[PDB]
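Have a look at the structure that comes next, please.
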Amino acid sequence: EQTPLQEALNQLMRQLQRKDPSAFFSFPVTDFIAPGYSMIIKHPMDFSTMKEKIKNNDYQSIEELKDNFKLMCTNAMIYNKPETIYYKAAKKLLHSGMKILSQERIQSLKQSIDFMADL
Ligand SMILES: COc1cc(-c2cn(C)c(=O)c3cnccc23)cc(OC)c1CN(C)C
């Protein structure tokens, strides 16, 4: 049993994950695979945590999910240097994600979500 907001967040989530076919951003970055990551990135974020926040109804607006998505890409652009494949994939993912999470699309969903309340 999910609210219209939760289901809209999951559809956007699945569309965002299709822009990351390499699964670079599907799971948290550990210190084991990236030394000093916990000491450099103060607010780590990844697709798995965002999906967990959706299922626990932690997200309030699509904008909050969009803020986490921006944080996810910018984190990779701080820890990784501009030549790295992680930096370049994060830059491309962020740009694609901003078109998906555009104010135009966030709006069509806000109306449909609202129309599913108050009968
Ligand atoms: C959690 O798992 C993975 C994380 C990364 C990964 C991501 N980001 C954003 C980074 O900045 C990063 C920085 N240094 C080293 C690694 C990463 C890469 C993976 O493989 C290439 C896997 C493993 N498979 C799921 C694909």
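By Swiss-Prot numbering, chain A shows 132-250, in order.
Heads up, the Cβ atoms here are built off N, Cα and C, so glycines get one too.
For reference, Swiss-Prot lists these features for the protein:
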type: CROSSLNK; residues: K186; note: SUMO2 cross-link
type: CROSSLNK; residues: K197; note: SUMO2 cross-link
type: CROSSLNK; residues: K201; note: SUMO2 cross-link
type: CROSSLNK; residues: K212; note: SUMO2 cross-link
type: CROSSLNK; residues: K241; note: SUMO2 cross-link
List the residues of the same chain that sit at least 6 positions away from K241 (SUMO2 cross-link) in sequence and have their Cβ under 8 Å from its Cβ, in sequence order, or write 'none'.
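Long-range Cβ contacts: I193.
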For the recorded sites listed here (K186, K197, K201, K212), which one has the lowest count of neighbouring CB atoms within 10 Å of its own CB?
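Across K186, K197, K201, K212, these recorded sites, the one with fewest Cβ atoms within 10 Å is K212.
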Calculate the distance in Å between the alpha carbons (Cα) of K201 (SUMO2 cross-link) and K212 (SUMO2 cross-link), and round it to a whole number.
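Roughly 18 Å, rounded to the nearest whole number.
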What's the CA to CA span in angstrom from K212 (SUMO2 cross-link) over to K186 (SUMO2 cross-link)?
33
Quick check for the class: what is the C-alpha distance, in angstrom and rounded, between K186 (SUMO2 cross-link) and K197 (SUMO2 cross-link)?
16
